[PDB]
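Chain residues, written in single-letter form:
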Amino acid sequence: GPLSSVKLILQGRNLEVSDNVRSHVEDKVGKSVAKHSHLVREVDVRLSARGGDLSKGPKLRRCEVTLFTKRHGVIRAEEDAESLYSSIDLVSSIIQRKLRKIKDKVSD
Amino acid sequence: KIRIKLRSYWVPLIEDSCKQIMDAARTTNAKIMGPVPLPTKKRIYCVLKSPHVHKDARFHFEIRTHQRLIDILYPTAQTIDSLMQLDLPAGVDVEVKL
Amino acid sequence: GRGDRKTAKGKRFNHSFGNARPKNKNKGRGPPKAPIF
Amino acid sequence: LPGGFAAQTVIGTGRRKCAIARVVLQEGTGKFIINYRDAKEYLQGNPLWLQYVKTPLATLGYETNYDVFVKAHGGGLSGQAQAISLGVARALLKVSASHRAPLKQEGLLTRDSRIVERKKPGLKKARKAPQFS
Amino acid sequence: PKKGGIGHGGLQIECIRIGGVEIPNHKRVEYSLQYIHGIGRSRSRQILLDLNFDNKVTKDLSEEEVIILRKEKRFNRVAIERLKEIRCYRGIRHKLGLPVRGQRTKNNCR
Amino acid sequence: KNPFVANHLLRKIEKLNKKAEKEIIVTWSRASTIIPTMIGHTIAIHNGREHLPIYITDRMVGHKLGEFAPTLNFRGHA
Amino acid sequence: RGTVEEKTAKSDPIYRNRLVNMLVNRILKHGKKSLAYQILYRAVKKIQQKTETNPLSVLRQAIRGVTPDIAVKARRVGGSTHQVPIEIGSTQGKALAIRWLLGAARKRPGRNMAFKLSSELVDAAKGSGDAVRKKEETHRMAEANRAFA
Amino acid sequence: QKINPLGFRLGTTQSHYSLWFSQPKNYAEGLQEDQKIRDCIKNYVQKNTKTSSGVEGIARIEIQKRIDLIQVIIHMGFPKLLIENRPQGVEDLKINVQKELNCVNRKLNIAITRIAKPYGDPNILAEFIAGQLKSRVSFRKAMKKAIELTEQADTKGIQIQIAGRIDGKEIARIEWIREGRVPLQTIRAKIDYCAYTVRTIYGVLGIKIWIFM
Amino acid sequence: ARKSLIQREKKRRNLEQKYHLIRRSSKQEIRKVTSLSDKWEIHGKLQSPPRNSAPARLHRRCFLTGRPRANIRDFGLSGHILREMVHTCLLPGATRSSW
RNA sequence: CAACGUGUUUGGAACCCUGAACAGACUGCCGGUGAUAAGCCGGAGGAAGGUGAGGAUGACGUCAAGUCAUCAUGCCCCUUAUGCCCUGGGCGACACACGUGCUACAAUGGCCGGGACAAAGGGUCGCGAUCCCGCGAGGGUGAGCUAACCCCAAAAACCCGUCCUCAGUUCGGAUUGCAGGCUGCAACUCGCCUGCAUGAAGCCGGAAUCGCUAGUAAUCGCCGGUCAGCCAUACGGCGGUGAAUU
């Protein structure tokens, strides 16, 4: 969310965040919810990672994105993928369907 | 001339123990002031229930100190030996004052 | 109001004692106002 | 005010939440006394409170007919006035019980369930909850 | 009226009007209704000139308008001198009764 | 009502102010007062990691020592 | 949920009126019932000082000119929002009447609440001020949309 | 989640154990004394019967203080297994219990009683399923074995919950079996329960036995 | 807590009863300043060398486990342990009243 | 409850209260509605009427939710160290962002004076009454109480008078300075409180959003815990006044 958009809030758990990470966050999330015309209040993007070489369990990168919008409720999407980038793109797709669910349900 | 205090956490033990102390004290001697129930020293404690973070939904338990004052009028020697004969009650704390 | 600790209502809120909220009203008081006539 | 009675001839009791009230109802004029004060100066002017005192006697229209000097403590002033009121009702029951039908038909012999609910843990005032966003 | 250096209050009640002066002592405002026995509830209007003389003398008896500005800023040039944590937090305009400054310090963040 | 002094700092006073003047000499125990028989001495105040040399003027009198030595290395582009 | 248990409504403290007791409960703010009592009876002792009729007459005649017979209930059918007017009941019009009367009485400044409630009360008694104008602007909006039902 | 029965029924039908009535600082010190007595008895019988063969099953240790004298009742099911046959078991108990109470040298009577039917007492039966389950025996054989082993010895209703890490697993489970009525909510009902933790080799197990009598 | 900190409170308590009455009865004589006001500053030097015998430094942990926080002082136990010594019929009188 | 004048001195157990047992409320009665039933609507009686009110209570299970920093522990890992002791810091930083509370923005108000009524708690390393010193926080003296006795403890909103009666104000109290007191070896970073000084922002709050169906909401105080003292405007309670709407 570079300008004019919903307020971005990152959470980094078990993960040192970089330039490419949060840059990929605001560009993929923000620039895929850039054709929005939505005054969504708050986006909480909580980007944790787990397992593989870090600890026990498979390599996981798990993102939850929550939108506290005015427009008919709150929404959240959690996806767990092999990379950060596949996580954030996949949640980007899910939140595209949830926001088209909201905009398309405002009809008549 | 003597005041004995009966404190416990249990009502059948003060009821039955004070029952038999009043029984022995009446059947061994003369007129004796009855057990006056003076009120319950009762107090409450709030315990944080879950070990970690759950601030709501706690466990506040309350302890109840029952107590009866009971007064025997005249110190007679076999009556003092009647009361000190009975080391009967199971835990009930008994005290003596004038 | 109630945070105004130089008052009586403020010290009553703060659970403290000073001039305006006295103990033993005979003893301890600020200057007394004299509107007179 | 002096001029005692020192007995329990025709008594009446009453109790709202923390406010108890015992009354004795003497066949007199009407200058009646809460504990040792006048009714006006103890019930602190004329709110509804004094009118709740005047309610059961004006139900039977016995305003001149009696004199009810009252011994009461506990609680605050409104509930103490209510307990005075139901003290008057239970007192009038214990003189002329044929007044059961006017008094009980109105809400004078009953008692409200006015009791302060306790704080419930995780709330603030037994219904008040902290907000969330 | 006009009081000691330049400062003065409106045409209001006398205790409040002395409160309108730059820097008097409010307990000694109450004492200036007691040693002088000035009538406080009466306004600044209807005051005899002997009462104005007594007011100007008793207001000369304690430190006031320009003087306390001078001495407090003397403790501010003192609070330039000797390198203290109060002084270091006044180079950077923090708060020195010590709030937790992780949030909300806007008497000085402005 | 009574000024507080660390007693080894009092022995620093009783060692240098009785024999002869000296230098940077180290102390712990930051909470001590000024004690105007310390003026002109340089006191090394512990700041969390090291000891700082602080010259003691007669203007610095009537406080405690660690007001003079800050503890937080907040350079700060916050 | 089904219903409310019927009602219990007592009369005025010193006049025995079910309307003026409703008004003294509506001027009440957080429990200070002796003070709201004081404001209302200073308003009555004010209204005896302004004109020379019964305060029940100027009060009831005032609230007849505040009470609406119809109002806007912005209802919905099929997702479509009609501003259709539905005829309001009687005691509902009492509560709305002293509602607008009282809140509008909390705007006219200058003096204590006795003068404020007195002034907006006689303005309700003369068709002026703000409460009866509020009746009109909530009345000329439901009149403006009778093309719905 | 669910409240435990011996906590829930304390006003009626269930009595406390540490039955001595005191004052606050003396309450904390009396609780010190109680905990060290239960420590010395538990650790005592665990040592001097760990060298011996079977399980003991000490259910209740009631501690009472009438006068400056402390009645200690021990409710085990198999009390003949304890003593060194003249009375020397309870004598040596009385020695090591005297070792940690002699602030005021007040006498104490350690007694011992029999459980009426030891299978029907959930601490003892929980110790049995603890012992067999600590040996390499499945949940089903041992747990059904505890059930029919119980119902031959006259119990109305029973619930057995065995917690995670059963025979070979890396995912915890819960496995509970019920027979008859076990109404946990009925306050009159007199359910006695136990919650024993089995310390196995490949983890920790949790056994929780409710018995409706 | 850790195994060290219980014995921290233990050895700190031994330093309490080591010269508790001696040092704090000395302070009973220091604060009595009827005789003199200006002097005795050094005698705060004699107040100094008890260090861990300051009763300000002495905590009260839960004796059964050792949590330094939420110790209800009238029982000596912690928060969460106090449930399972109520819920196991162990504390006398704990009638769990929910009035 | 009563007398004596400001006790254990006299009576009484008659009111109140304390606290053990009992009784009571169960659609029990009546009417009417309903396949005769479950019930439903009303009425009487009754202190209370249709779970009387509040609580405790939380099934199988979900989120492989939280807790290996209450405690216990599989496995792994460190072991003249990833262990332990001591002093100083730090958890209290600060361009900002998010959340919960308190104070307010005033005449239903604010101040002063004089009046009035609570409950529930706590306290022998304590609570500390009385008298004196001090504007005060506080200092000394310490009677009484192991608690229905004494103390904390003044309840406050409320009532009656005086002032301001529209202002950034006698609203509001932030921030800072000077001078103190208490606790404690020690109060600077980082405690509370008193006395004076200053008087910031703030004229009821955009988009949005939350709690509550009655002694509730709102509003005013009191107490406890932990505790040497406190960051408590929080938490756990307890009374006072006390609604509107469905």
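Along every chain, residues receive numbers from 1 upward following the written sequence, which is not necessarily the numbering found in the entry; those without coordinates are excluded from display. Chain labels run from A onward and ligand labels from 1 onward, assigned in the order the entries are written. Keep in mind that this is only part of a larger assembly, and the values describe that part, not the whole. By convention in this description, side-chain values take in all heavy atoms of the structure and omit both hydrogens and water.

Some thoughts on the sheet that holds strand β1 (residues 11-15) of chain D
Strands pair in a sheet through their backbones, by hydrogen bonds, and they do so in one of two ways: parallel or antiparallel. All names here are of chain D. Note the following rule: Between any two strands, at least two bridges found by DSSP are needed for them to pair. Note on conventions: DSSP H or I runs of at least 4 residues are helices, E runs of at least 2 residues are strands, and numbering of each starts at the N terminus. In this analysis, axes come from line fits to C-alpha atoms, helices being fitted only over the stretch in contact, and the angle between any two N-to-C directions falls in the range 0 to 180 degrees.
Here we have three strands laid out as an open sheet, ordered β1-β2-β5, and antiparallel in their pairing. Two strands in the sheet have a free side with no partner beyond their single neighbour: β1 and β5 (70-73). The mean inter-strand angle of the sheet, taken between neighbouring strand axes irrespective of direction, is 10 degrees. Where β1 and strand β2 (residues 20-24) come together, five bridges link them in antiparallel fashion. Each bridged residue has a counterpart across the sheet, and for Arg15 the counterpart in β2 is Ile20.

What about the protein's contact with RNA strand J?
The criterion, for reference: It suffices for a single heavy atom of a residue to lie within 4 Å of a molecule or strand for the residue to be listed as near it. Think of a polar contact as two N or O atoms within 3.5 Å of one another; within protein, one of them needs to be a possible hydrogen donor and the other a possible acceptor, and neighboring residues in sequence only count if both atoms come from side chains. We call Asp, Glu, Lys and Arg charged. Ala, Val, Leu, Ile, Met, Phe, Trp, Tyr, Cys and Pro are nonpolar, and the rest, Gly among them, are polar.
Near RNA strand J there are 183 residues, and of these D:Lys104, D:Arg114, E:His26, I:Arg96 and I:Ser98 occur at the shortest range. Each atom of RNA strand J within 4 Å of the protein was classed as base or backbone; sugar and phosphate made up 82%. Here a base nitrogen of RNA strand J sits 3.0 Å away from a polar atom, N or O, in the side chain of D:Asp112. Take F:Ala31: an N or O atom from its main chain is 3.4 Å from a base nitrogen of RNA strand J. Of the residues contributing to the surface near RNA strand J, the split by class is 56 nonpolar, 56 polar and 71 charged.

Description of helix α1 (residues 7-16) of chain F
Heads up, the rule is: Each residue is placed in one exposure class: buried if its accessible area under a 1.4 Å probe, protein chains only, is under 20% of its type's maximum, exposed if it is over 50%, and partly exposed if it falls in between. Residues are treated as being in contact if the distance between any of their heavy atoms lies within 4.5 Å.
Within α1(F), the full set of buried residues consists of F:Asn7, F:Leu9, F:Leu10, F:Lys12, F:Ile13 and F:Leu16. The inward-facing, buried residues of α1(F) abut β1 (42-46) of chain F together with α2 (43-47) of chain I.

Topic: the packing of helix α4 (residues 90-105) of chain G against helix α5 (residues 113-126) of chain G
Residues and elements named next belong to chain G. Stated precisely, the cut-off is as follows: Angle categories: roughly parallel below 35 degrees, roughly antiparallel above 145, roughly perpendicular from 65 to 115, and oblique for all the rest. Crossing handedness follows the turn of the near helix against the far one: under a right angle anticlockwise gives a left-handed crossing, and clockwise gives a right-handed one.
Relative orientation of the contacting elements α4 and α5 amounts to 130 degrees, with a least axis distance of 9 Å. Between α4 and α5, the crossing angle belongs to the class labelled oblique. Pair α4 / α5 crosses with right-handed handedness. Contact residues: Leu101, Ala104 and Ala105 in α4; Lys116, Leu117, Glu120, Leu121 and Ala124 in α5.

As for the side chain of D:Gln80
All names here are of chain D. Considering the arrangement of structural elements, one finds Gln80 in helix α3 (residues 77-93). At 3.1 Å, the side chain of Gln80 forms a polar contact with the backbone oxygen of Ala72. Setting aside chain neighbours within four positions, we find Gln80 in contact with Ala19, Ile20, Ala21, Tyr42, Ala72, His73, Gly74 and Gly75.

Quick notes on the packing of aromatic side chains
As a reminder of what qualifies: Pairing of aromatic side chains here covers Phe, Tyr and the six-membered ring of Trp, requires ring centres within 6.5 Å, and sorts the geometry by plane angle: under 30 degrees stacked, over 60 edge-to-face, intermediate tilted.
Overall, the coordinates contain 13 aromatic pairs over all chains when judged by the stated rule. Between the aromatic rings of H:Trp20 and H:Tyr27, the centroid separation amounts to 5.3 Å while the plane-to-plane angle is 40 degrees, which identifies the pairing as tilted. Since its relative accessible area comes to 3%, H:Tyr27 is described here as buried. Seen from their ring centres, H:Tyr27 and I:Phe75 are 5.2 Å apart, and the 35 degrees between their planes marks the pair as tilted. Here H:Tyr27, found in helix α2 (residues 24-50), pairs with I:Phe75, found in the loop between α2 and α3 (80-84), and the two come from separate chains.

So, empty space enclosed by the protein
Residue and element names in this part refer to chain E. The following threshold applies: Site definitions follow a grid-based scheme: protein atoms alone, a 1 Å grid, a 1.4 Å probe that fits but cannot get out for cavities, and for pockets an open set with protein on both sides within 12 Å along at least five of seven lines, plus lining residues having an atom within 4 Å of a point. Grid points are joined across faces, edges and corners, and a volume is the space filled by probe spheres set on the points.
Within this structure, the stated rule accounts for five cavities of 30 Å³ or more. In this structure, the largest cavity spans a volume of roughly 70 Å³. Lining the largest cavity are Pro1, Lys3, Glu14, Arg17, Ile18, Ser44, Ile47, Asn52 and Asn55. Of all elements in the fold, only α1 (14-19) and α3 (49-60) reach the threshold of two or more residues within the lining of the largest cavity.

Considerations on the arrangement of the chains
Ranking the nine pairs of chains in contact by number of contacts places chains H and I first. When C-alpha atoms are compared, chain A and chain G, though not in contact, are closest at a spacing of 7 Å. One finds no contact between chain C and chain I; the C-alpha atoms of the two approach each other to within 24 Å at their closest.

With respect to the interface of chain I and chain H
Using the following cut-off: Two parts placed together each lose some accessible area under a 1.4 Å probe, and the buried area is that loss summed for both. The working definition used for a salt bridge is a side-chain nitrogen of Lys or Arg within 4 Å of a carboxyl oxygen of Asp or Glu.
With 16 residues of chain I at the contact, the number on the chain H side is 20 residues. The largest contributions to the chain I side of the interface with chain H come from I:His87, I:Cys89 and I:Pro92, which together make up 37% of the buried area. For the pair chain I and chain H, the number of links is zero salt bridges. In this structure, the connection of chain I to chain H is made through six residue pairs in polar contact. Class assignment for the residues of the side of chain I that touches chain H results in 11 nonpolar, three polar and two charged.

Examining the pattern of salt bridges
Following the criterion strictly, the structure yields 24 salt bridges over all chains and no others. For H:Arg60, the salt bridge goes to H:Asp192, with nearest N and O atoms at 3.9 Å. One end of the pair, H:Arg60, is in strand β2 (residues 58-67); the other, H:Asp192, is in strand β8 (residues 191-199), with 132 residues separating them in the sequence. For H:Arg60, a relative accessible area of 23% translates into the label partly exposed. Close ionic contact of I:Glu29 with I:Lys32 constitutes a salt bridge, the shortest N to O distance being 2.8 Å. The partly exposed category is assigned to I:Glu29, whose relative accessible area is 47%.

As for the environment of H:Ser15
Looking at where H:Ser15 falls in the secondary structure, it is placed in the loop between α1 (5-8) and β1 (18-19). The class for H:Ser15 is partly exposed, based on a relative accessible area of 38%. Apart from residues no more than four positions distant in its own chain, H:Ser15 is found in contact with B:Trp10 and I:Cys89.

Concerning the nonpolar core
To keep things clear, this is the line we draw: Take the buried residues of types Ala, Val, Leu, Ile, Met, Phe, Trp, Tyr and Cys, join any two whose side-chain atoms come within 4.5 Å, and each joined set is a nonpolar core. Domain ranges listed in this record stem from an automatic or a database domain assignment.
Judged by nonpolar contacts, the single largest core of 46 residues is most densely connected at B:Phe61, H:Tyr27, I:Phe75, I:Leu82 and I:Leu91. Counting only domains with at least three residues in this core, you end up with domain 1 (15-116) and domain 2 (117-213) of chain H. Residues within four places of B:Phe61 in sequence aside, it is in contact with B:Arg43, B:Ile44, B:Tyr45, B:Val47, I:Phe75, I:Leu82, I:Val86, I:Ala94, I:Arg96 and I:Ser97. Residues D:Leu57, D:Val68, D:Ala72 and D:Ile84 belong to the second largest nonpolar core, which totals 27 residues.

Comments concerning the interface of chain G and chain D
It is common to report an interface's size as the accessible area lost on association of the parts. Each partner contributes to the interface: chain G provides six residues, whereas chain D provides six residues. For the pair chain G and chain D, the summed buried surface comes to about 490 Å²; carbon and sulfur atoms form 51% of the total. Among the residues of chain G in contact with chain D, G:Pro13, G:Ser34 and G:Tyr37 are the three that bury the most area, contributing 62% of the side total. Taken together, the links from chain G to chain D amount to zero salt bridges. The interface formed by chain G and chain D includes three residue pairs in polar contact. Broken down by class, the residue content of the side of chain G that touches chain D amounts to three nonpolar, one polar and two charged.

Some thoughts on a nonpolar patch on the surface
Note the threshold: To count toward a patch, a residue needs a relative accessible area above 30% and no salt bridge. Like charges then connect within 9 Å, nonpolar side chains (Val, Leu, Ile, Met, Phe, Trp, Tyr) within 5 Å. Per-residue accessibility takes into account occlusion by the displayed protein chains alone, with areas from the Shrake-Rupley method and a 1.4 Å probe.
Taken together, the side chains of C:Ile36, C:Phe37 and E:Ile39 define a hydrophobic patch exposed on the protein surface, amounting to about 360 Å² of accessible area. Mapping C:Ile36 onto the fold places it in the segment after α1 (8-14).

Quick word on the pairing of strand β4 (residues 59-72) of chain B
All names here are of chain B. When you tally the buried positions in β4, you get 12 out of 14 residues, the bulk of the element. Pairing geometry for strand β1 (residues 2-8) and β4, over seven bridges, is antiparallel. Note that in β4 the partner of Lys5 across the bridge is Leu69. Two strands pair when backbone bridges link them, and strand β2 (residues 33-37) and β4 are joined in this way by three bridges, in the antiparallel orientation. Bridged to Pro37 within β4 is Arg68. Here seven bridges tie strand β3 (residues 41-47) to β4, and the two strands are oriented antiparallel to one another.

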